[PDB]
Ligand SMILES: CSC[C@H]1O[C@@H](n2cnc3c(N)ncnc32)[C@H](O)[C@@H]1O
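Form solved without the named molecule, single chain, as structure tokens, below.
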């Protein structure tokens, strides 16, 4: 099986960490069920997760930037009808997928946050299940008042219910990577962007060493108006941004309406 991987590669001529362990595949696919809409996978690689998905009866469009893997993917998915697209993941037209679609994917570190933020803002998906480097998972699912908490945690919570389901070790892949990976499931609520809310949240976390009062003041918020907003909401004068959950940021936004 690691030899089978190596032979496959050598057969076709061939830089990445391919997700390969059949046992871990079960759980990702299970995590994605039910398949109530079509499924989009980024980075099929050798096609191992694509295979498990197709055999589970998902209808899969797999989007692969490396055309050199087309023969590989053809060989590995034979018997299974799939749509293969060769395109950069962030340039694929995500705003055009069927409403109700799912993402199920092993995501490269560099693409994961931009791609998930983009998909959440479309408001178009039923469910996003993906593997990501653990530290990216912790931000997406962080608790207030921990170092992984920040804008990204609040972006995800605004759009979706977020779960970190389990970690996967390097032996899940070949070659094995030098990081822990995590399987995240996000379940969109149907909430779309709130650009005004996210201007406030970005400013709040802008000056990470200050009270929220003084970080907002440094972003241009009129200072006495912020002291008033915080005290009417019953917050400590010296409260920090990482202490506010999404509800508190909403209530703060309403109290600062027009500030601007």
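Here, rigid core means the biggest group of C-alpha atoms that superpose within 1.5 Å across both forms. Numbering follows the first chain given and starts at 1.
Not pictured, yet referred to below: the form solved in complex with the named molecule.
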Residue 58 within 4.5 Å of the named molecule in the deposited complex, heavy atoms: no
field: Heavy atom of residue 42 within 4.5 Å of the named molecule in the deposited complex
entry: yes
query: Would residue 96 show up as a contact with the named molecule in the deposited complex if we use heavy atoms at 4.5 Å?
result: no
query: Given that the partner is absent here, does residue 108 sit within 4.5 Å of the named molecule in the deposited complex, heavy atoms only?
result: yes
- request: Note which of 87, 146, 133, 113 lies within 4.5 Å of the named molecule in the deposited complex, where distance is taken over heavy atoms; exactly one does.
  value: 87
- request: Taking 4.5 Å between heavy atoms as the contact cutoff, choose which of 48, 29, 63, 197 touches the named molecule in the deposited complex.
  value: 63
field: Segment assignment from 148-156, 121-129, 87-95, 163-171: heavy atom within 4.5 Å of the named molecule in the deposited complex
entry: 87-95
- request: For the heavy atom contacts within 4.5 Å of the named molecule in the deposited complex, list the residues of 1-40 involved, in sequence order.
  value: 15, 16, 17, 18
task: Return yes or no for residue 9: a CA shift of at least 2 Å between the shown form and the other one, with the rigid core superposed?
output: yes
